[PDB]
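**Student:** This is the structure, below, for whatever I ask next.
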Amino acid sequence: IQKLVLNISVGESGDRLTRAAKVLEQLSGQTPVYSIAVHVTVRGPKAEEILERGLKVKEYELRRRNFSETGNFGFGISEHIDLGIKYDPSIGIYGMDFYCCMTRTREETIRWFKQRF
Amino acid sequence: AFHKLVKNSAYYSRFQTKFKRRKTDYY
Amino acid sequence: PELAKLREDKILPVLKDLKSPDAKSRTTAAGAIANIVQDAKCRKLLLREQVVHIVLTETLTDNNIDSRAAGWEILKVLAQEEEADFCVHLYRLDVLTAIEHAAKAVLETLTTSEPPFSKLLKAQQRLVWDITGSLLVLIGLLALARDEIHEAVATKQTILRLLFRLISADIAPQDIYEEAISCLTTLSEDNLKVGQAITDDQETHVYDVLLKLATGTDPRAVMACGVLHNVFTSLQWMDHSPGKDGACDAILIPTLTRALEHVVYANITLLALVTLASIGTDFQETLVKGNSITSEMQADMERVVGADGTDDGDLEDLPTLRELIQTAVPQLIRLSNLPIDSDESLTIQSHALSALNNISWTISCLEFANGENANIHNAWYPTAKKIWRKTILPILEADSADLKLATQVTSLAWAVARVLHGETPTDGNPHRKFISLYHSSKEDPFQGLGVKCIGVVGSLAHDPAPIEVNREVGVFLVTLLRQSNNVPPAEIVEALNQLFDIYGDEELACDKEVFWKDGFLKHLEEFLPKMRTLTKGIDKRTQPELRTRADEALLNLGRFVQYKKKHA
């Protein structure tokens with residue numbers, strides 16, 4: 001129930017990586033993290049915001065496997081623009097990884113999702 | 001039900017927009 | 001006639017002046033002649049005046065470089081304005097030899113260390129560049145004109161060597177460099193000896209040069225990609241069987257995509273799009289031959305990556321496809337969408353369309369029934385959907401402009417539908433738009449739009465489609481059948497097959513709610529004989545494909561009406 005972790009990976013060090021970073025920055029407001037891959041974790045307000053906003057994109061229809069035995073879940077999107085962020089041709093398009101960890105199981109979290117959203 | 005077809009990929013093979021090389025004018 | 005009289009008055013002396021065994025009088029005269037020779041009507045006389053012969057025969061062998069250079073320009077200009085036959089004639093006099101010699105000479109000049117090239121007079125080297133220019137062009141047109149010529153050219157080793165020499169050294173003018181790059185592109189396309197010549201070149205290693213170029217940030221990277229792609233496919237460096245250093249087709253796709261990122265040079269854009277489309281048909285070949293934050297939290301995050309993942313894939317063996325999907329198709333869509341404002345982006349759209357069309361038709365040809373190719377299906381389905389909504393509605397919501405673009409986006413929609421199958425989104429009731437297009441649009445046999453509309457429409461009408469959607473569509477097909485009096489036979493085969501694919505399972509709601517409720521099986525028993533007549537009324541020899549197709553359709557219809565009874 002803590003953090004939302006958006007995640008990008010670009011095997012090619014370079015332009016395309018500093019651009020992925022820029023996206024995660026302006027989208028979370030936090031200066032992103034680096035790993036071959038960038039990502040950023042967001043807690044509290046912005047998390048529920050960015051979560052729903054891309055969950056929109058996925059038409060609120062998931063599959064049952066993405067949820068972890070630890071009752072967590074995630075999904076991918078390929079167009080970080082389908083969430084109302086414009087297109088900067090000096091940035092291009094990037095895909096994003098979305099991941100939601102719950103605390104206070106799979107069953108309980110699936111059911112939790114069904115109730116709210 | 002059930003059905004009979006053969007070599008289908010060949011059939012729809014054609015649809016792929018196909019290209020080969022080759023103009024401009026006015027100077 | 002009269003026009004010709006005034007023409008000969010103007011022209012004849014110039015030829016006689018070139019003809020002059022005043023090789024310098026004609027350095028100035030021949031030097032004049034290309035300018036003189038640009039004119040359209042006038043040329044046909046010039047040709048008929050046997051210029052081709054003279055030039056070939058005399059001018060090129062002269063000791064003064066200005067002669068030969070004027071003469072090679074003459075030929076160039078000619079071949080450009082004129083038509084393909086012309087080149088084929090030149091090939092008959094084996095101008096190839098004449099060129100091979102010419103290129104040897106240029107090659108000695110560049111590679112020489114005695115004069116040597118760089119320390120040449122300014123206009124000296126300008127002359128060489130002028131000669132090279134014409135030479136390049138000629139090889140372009142000649143290769144293009146016919147196949148047997150394209151082969152004949154990729155056999156003259158000196159020619160290849162020169163093309164490599166230039167592309168590799170990059171010490172010539174950009175108009176010349178780019179011309180060389182093109183020339184190689186033509187020769188390298190669906191040709192093996194050239195594929196190998198470029199890879200197997202250790203003299204200048206033109207390969208590694210291209211790779212670097214198509215890999216980095218250079219403004220010309222795309223061109224490099226065009227050649228390299230032609231090579232990969234020519235010698236089958238693909239996913240199932242990569243080249244040296246895993247040089248698969250895939251590695252190109254990033255740079256191509258980045259060339260797209262900027263559009264919102266212009267030629268550079270079109271070229272990349274064209275490449276990407278070819279990559280589409282060529283991975284058809286791939287699939288054919290194939291068969292407080294850190295650490296283990298990340299490790300686990302790989303637990304959810306099972307879900308089709310944006311960033312990287314299950315597809316370690318098919319990087320080409322993932323790069324297409326992961327990187328290419330985003331931009332392909334955006335370009336397919338963005339405004340129709342000029343004719344330039346009208347073209348760019350028609351292209352981005354052609355590309356997505358290609359990719360999609362390739363994949364849609366695979367097997368996915370049951371769990372077949374699950375991984376591929378799981379990567380593609382999302383994208384196929386996205387394409388559908390993102391690019392197939394908007395153009396249909398516009399009802400805007402063109403006819404052949406309608407064919408484009410219809411063909412594409414067919415592909416996407418072939419995969420989606422009733423899982424395909426329904427908004428603004430598109431099946432009606434297409435049906436309308438079928439009736440309003442009322443060659444090669446199966447290129448006609450009616451076919452493509454039958455196809456996409458019957459595709460999206462599988463279970464679990466909205467039962468009403470299913471109904472209307474099935475109705476349209478059966479309608480076609482009852483009034484099969486003027487419908488092209490191709491569309492019969494497609495319609496038949498569509499219904500066969502939709503209503504072969506009694507366990508489907510539509511089987512009862514639609515097929516039985518509206519009693520299609522009657523109309524089927526009605527058409528069985530009609531089908532037999534039109535079938536026998538088709539020429540198995542001109543052409544056989546259609547005939548055999550209809551035959552199997554009748555069998556399965558014949559079989560299927562019979563089967564259809566089996567279940568009440």
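Starting from 1 in every chain, residues are counted up; chains themselves are A, B, ... following the order of the structure tokens, and ligands are numbered from 1 as listed.
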Using only C-alpha atoms, which protein or nucleic acid residues come within 12 Å of stretch 17-27 of chain C? Drop anything in the same chain fewer than 5 positions from it, and give the result as a PyMOL selection string.
**Tutor:** chain C and resi 11-12+32-34+36+49-51+53-55+57-71+74
**Student:** Output the selection as a PDB file, in the first residue's frame - C-alpha atoms for each residue.
**Tutor:**
```
ATOM      1  CA  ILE C  11      21.169  20.623 -84.368  1.00  0.00           C
ATOM      2  CA  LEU C  12      23.205  19.070 -87.215  1.00  0.00           C
ATOM      3  CA  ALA C  32      28.462  22.345 -75.182  1.00  0.00           C
ATOM      4  CA  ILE C  33      26.484  19.272 -76.258  1.00  0.00           C
ATOM      5  CA  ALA C  34      24.917  18.191 -72.920  1.00  0.00           C
ATOM      6  CA  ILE C  36      22.245  21.392 -76.132  1.00  0.00           C
ATOM      7  CA  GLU C  49      21.073  11.113 -85.576  1.00  0.00           C
ATOM      8  CA  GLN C  50      23.110   8.267 -84.032  1.00  0.00           C
ATOM      9  CA  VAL C  51      24.710  10.270 -81.222  1.00  0.00           C
ATOM     10  CA  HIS C  53      27.042   5.519 -81.333  1.00  0.00           C
ATOM     11  CA  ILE C  54      29.440   8.445 -81.844  1.00  0.00           C
ATOM     12  CA  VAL C  55      29.846   9.130 -78.122  1.00  0.00           C
ATOM     13  CA  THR C  57      32.566   5.015 -80.228  1.00  0.00           C
ATOM     14  CA  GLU C  58      34.811   8.088 -79.981  1.00  0.00           C
ATOM     15  CA  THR C  59      34.466  10.617 -77.187  1.00  0.00           C
ATOM     16  CA  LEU C  60      35.109   8.356 -74.203  1.00  0.00           C
ATOM     17  CA  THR C  61      38.508   7.129 -75.379  1.00  0.00           C
ATOM     18  CA  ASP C  62      39.996  10.604 -75.895  1.00  0.00           C
ATOM     19  CA  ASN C  63      43.117  11.628 -73.956  1.00  0.00           C
ATOM     20  CA  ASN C  64      41.624  14.905 -72.755  1.00  0.00           C
ATOM     21  CA  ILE C  65      39.649  14.343 -69.564  1.00  0.00           C
ATOM     22  CA  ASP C  66      37.214  17.142 -70.471  1.00  0.00           C
ATOM     23  CA  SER C  67      36.151  15.113 -73.513  1.00  0.00           C
ATOM     24  CA  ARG C  68      35.270  11.932 -71.621  1.00  0.00           C
ATOM     25  CA  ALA C  69      33.616  13.891 -68.816  1.00  0.00           C
ATOM     26  CA  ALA C  70      31.460  15.809 -71.291  1.00  0.00           C
ATOM     27  CA  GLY C  71      30.595  12.534 -72.976  1.00  0.00           C
ATOM     28  CA  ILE C  74      25.827  13.363 -72.326  1.00  0.00           C
TER      29      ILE C  74
END
```
**Student:** Would you give me, as an MDAnalysis selection string, the residues of chain B that come within 6 Å of chain C, using only C-alpha atoms?
**Tutor:** chainID B and resid 1 3 9 16:17
**Student:** Go ahead and save the picked residues with N, CA, C and O atoms, as a tab-separated table (two decimals), in the first residue's frame.
**Tutor:**
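Output file result.tsv is given in full below:
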```tsv
chain	number	residue	atom	x	y	z
B	1	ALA	N	-17.35	-27.64	-35.81
B	1	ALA	CA	-17.20	-27.76	-37.26
B	1	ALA	C	-15.77	-28.11	-37.64
B	1	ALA	O	-14.96	-28.46	-36.78
B	3	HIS	N	-12.76	-27.78	-41.48
B	3	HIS	CA	-12.66	-27.04	-42.75
B	3	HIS	C	-11.42	-27.48	-43.53
B	3	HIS	O	-10.55	-28.17	-42.99
B	9	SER	N	-0.88	-18.75	-46.34
B	9	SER	CA	0.10	-17.66	-46.29
B	9	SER	C	0.42	-17.10	-47.67
B	9	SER	O	0.56	-15.89	-47.84
B	16	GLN	N	0.78	-7.56	-48.46
B	16	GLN	CA	1.92	-6.77	-48.05
B	16	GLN	C	2.25	-5.73	-49.11
B	16	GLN	O	2.56	-6.09	-50.24
B	17	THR	N	2.16	-4.45	-48.76
B	17	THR	CA	2.55	-3.41	-49.69
B	17	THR	C	3.99	-3.69	-50.07
B	17	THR	O	4.85	-3.86	-49.21
```
**Student:** Counting only C-alpha atoms, which residues in chain C sit no more than 9 Å from chain A? For each one, give the nearest pair of atoms and the distance in Å, sorted by chain then residue number, as CSV.
**Tutor:**
```
residue,atom,partner,partner_atom,distance
C:258,CA,A:92,CA,7.9
C:260,CA,A:92,CA,8.8
C:261,CA,A:92,CA,5.3
C:262,CA,A:89,CA,5.3
C:263,CA,A:89,CA,7.5
C:264,CA,A:89,CA,7.5
C:293,CA,A:41,CA,8.0
C:294,CA,A:35,CA,8.9
C:301,CA,A:99,CA,7.8
C:303,CA,A:68,CA,7.4
C:304,CA,A:66,CA,5.0
C:305,CA,A:66,CA,7.7
C:306,CA,A:66,CA,6.9
C:307,CA,A:66,CA,5.7
C:308,CA,A:76,CA,6.6
C:309,CA,A:76,CA,5.0
C:310,CA,A:76,CA,5.1
C:311,CA,A:9,CA,5.8
C:312,CA,A:9,CA,7.4
C:326,CA,A:78,CA,7.1
C:327,CA,A:94,CA,8.0
C:330,CA,A:79,CA,6.7
C:331,CA,A:93,CA,7.3
C:383,CA,A:78,CA,8.7
```
**Student:** Export C-alpha atoms of the chosen residues as a PDB file, in the first residue's frame?
**Tutor:**
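Dumped everything to again08.pdb:
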```
ATOM      1  CA  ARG C 258      14.601   8.000 -34.218  1.00  0.00           C
ATOM      2  CA  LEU C 260      10.687   9.369 -37.242  1.00  0.00           C
ATOM      3  CA  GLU C 261      10.825  10.969 -33.803  1.00  0.00           C
ATOM      4  CA  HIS C 262      11.694  14.354 -35.297  1.00  0.00           C
ATOM      5  CA  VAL C 263       9.007  14.814 -37.969  1.00  0.00           C
ATOM      6  CA  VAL C 264       6.033  16.865 -36.781  1.00  0.00           C
ATOM      7  CA  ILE C 293      14.526   1.391  -3.209  1.00  0.00           C
ATOM      8  CA  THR C 294      16.914  -1.262  -4.477  1.00  0.00           C
ATOM      9  CA  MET C 301       9.267  -6.903 -10.220  1.00  0.00           C
ATOM     10  CA  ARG C 303       7.691 -11.554 -11.287  1.00  0.00           C
ATOM     11  CA  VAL C 304       4.904  -9.391 -12.741  1.00  0.00           C
ATOM     12  CA  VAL C 305       6.860  -8.969 -16.073  1.00  0.00           C
ATOM     13  CA  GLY C 306       5.023 -12.131 -17.073  1.00  0.00           C
ATOM     14  CA  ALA C 307       2.256  -9.750 -18.107  1.00  0.00           C
ATOM     15  CA  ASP C 308       3.127  -8.434 -21.576  1.00  0.00           C
ATOM     16  CA  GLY C 309       5.745  -5.835 -20.733  1.00  0.00           C
ATOM     17  CA  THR C 310       6.425  -2.466 -22.272  1.00  0.00           C
ATOM     18  CA  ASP C 311      10.036  -2.205 -21.474  1.00  0.00           C
ATOM     19  CA  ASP C 312      11.398  -5.587 -22.478  1.00  0.00           C
ATOM     20  CA  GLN C 326       8.133  -2.067 -28.731  1.00  0.00           C
ATOM     21  CA  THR C 327       9.621   0.861 -30.642  1.00  0.00           C
ATOM     22  CA  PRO C 330       4.188   3.722 -31.521  1.00  0.00           C
ATOM     23  CA  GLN C 331       5.643   6.209 -34.028  1.00  0.00           C
ATOM     24  CA  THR C 383      -0.733  -3.587 -30.253  1.00  0.00           C
TER      25      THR C 383
END
```
**Student:** Among stretch 344-423 of chain C, which residues carry a DSSP assignment of alpha helix (DSSP H), reported as JSON, numbers by chain?
**Tutor:** {"C": [344, 345, 346, 347, 348, 349, 350, 351, 352, 353, 354, 355, 356, 357, 358, 359, 360, 361, 362, 363, 364, 374, 375, 376, 377, 378, 379, 380, 381, 382, 383, 384, 385, 386, 387, 393, 394, 395, 396, 397, 398, 404, 405, 406, 407, 408, 409, 410, 411, 412, 413, 414, 415, 416, 417, 418, 419, 420]}
**Student:** In terms of the shortest atom-to-atom distance over only C-alpha atoms, which of A:23, A:110, A:57, A:36 is closest to residue C:382?
**Tutor:**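 So, comparing all the options, the nearest one is A:57.
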**Student:** What does the distance from atom CA of residue C:511 to atom CA of residue C:368 come to in Å, to one decimal?
**Tutor:**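 Distance between the two atoms: 22.5 Å.
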**Student:** In Å, rounded to a single decimal, give me how far atom CA of residue C:396 is from atom CA of residue C:345.
**Tutor:**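 For atom CA of residue C:345 relative to atom CA of residue C:396, the distance reads 18.1 Å.
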**Student:** Find the residues around residue C:115 up to 12 Å (only C-alpha atoms counted), leave out those fewer than 6 positions away in its own chain, and share them as a ChimeraX atom specification.
**Tutor:** /C:108-109,121,124-125
**Student:** May I ask for the distance between atom CA of residue C:155 and atom CA of residue C:187, given in Å to one decimal place?
**Tutor:**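 We find that atom CA of residue C:155 and atom CA of residue C:187 lie 10.4 Å from each other.
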**Student:** Identify, with DSSP run on backbone atoms, the residues in stretch 37-92 of chain A assigned to strand (DSSP E), and express the list as a ChimeraX atom specification.
**Tutor:** /A:37-43,73-77
**Student:** Residues of the last selection are to be written out with C-alpha atoms, as a short mmCIF file (atom, residue, chain, number, x, y, z; two decimals), in the first residue's frame.
**Tutor:**
```
data_model
loop_
_atom_site.label_atom_id
_atom_site.label_comp_id
_atom_site.auth_asym_id
_atom_site.auth_seq_id
_atom_site.Cartn_x
_atom_site.Cartn_y
_atom_site.Cartn_z
CA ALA A 37 17.29 1.36 -16.97
CA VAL A 38 15.58 4.25 -15.21
CA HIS A 39 12.70 4.34 -12.75
CA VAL A 40 11.02 6.41 -10.08
CA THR A 41 8.89 5.58 -7.09
CA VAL A 42 6.04 7.74 -5.91
CA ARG A 43 4.11 7.62 -2.67
CA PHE A 73 0.13 -6.34 -9.12
CA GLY A 74 1.38 -4.61 -12.26
CA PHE A 75 0.86 -3.87 -15.94
CA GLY A 76 2.62 -2.35 -18.96
CA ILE A 77 1.61 0.53 -21.27
#
```
**Student:** Would you pick out the contacts of stretch 347-349 of chain C at 10 Å or less, using only C-alpha atoms, so that residues sharing its chain but fewer than 4 positions from it are not included, and give the list as a ChimeraX atom specification?
**Tutor:** /C:263,266,269-270,273-274,332-340,342-343,353-355,405
**Student:** Give me the residues within 12 Å of residue A:114 as a CSV table (one decimal) with C-alpha atoms, in the first residue's frame, counting only C-alpha atoms and dropping any in the same chain fewer than 3 places off.
**Tutor:**
```csv
chain,number,residue,atom,x,y,z
A,60,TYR,CA,-9.7,-1.1,-16.2
A,61,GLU,CA,-9.5,-4.7,-17.5
A,62,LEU,CA,-6.5,-6.8,-16.2
A,107,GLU,CA,-7.5,-12.9,-3.3
A,108,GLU,CA,-7.8,-9.9,-1.0
A,109,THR,CA,-6.2,-7.5,-3.5
A,110,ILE,CA,-8.1,-8.6,-6.5
A,111,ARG,CA,-11.3,-8.1,-4.5
A,117,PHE,CA,-11.9,1.7,-9.2
```
**Student:** Nearest to residue B:18 among C:228, C:123, C:276, C:7, with distances taken over only C-alpha atoms: which residue is it?
**Tutor:**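 Closest candidate: C:276.
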**Student:** Just the residues within 12 Å of residue A:84, please, counting only C-alpha atoms, with nothing from its chain fewer than 4 positions along; format it as a PyMOL selection string.
**Tutor:** chain A and resi 27+50+53-54+56-57+79-80
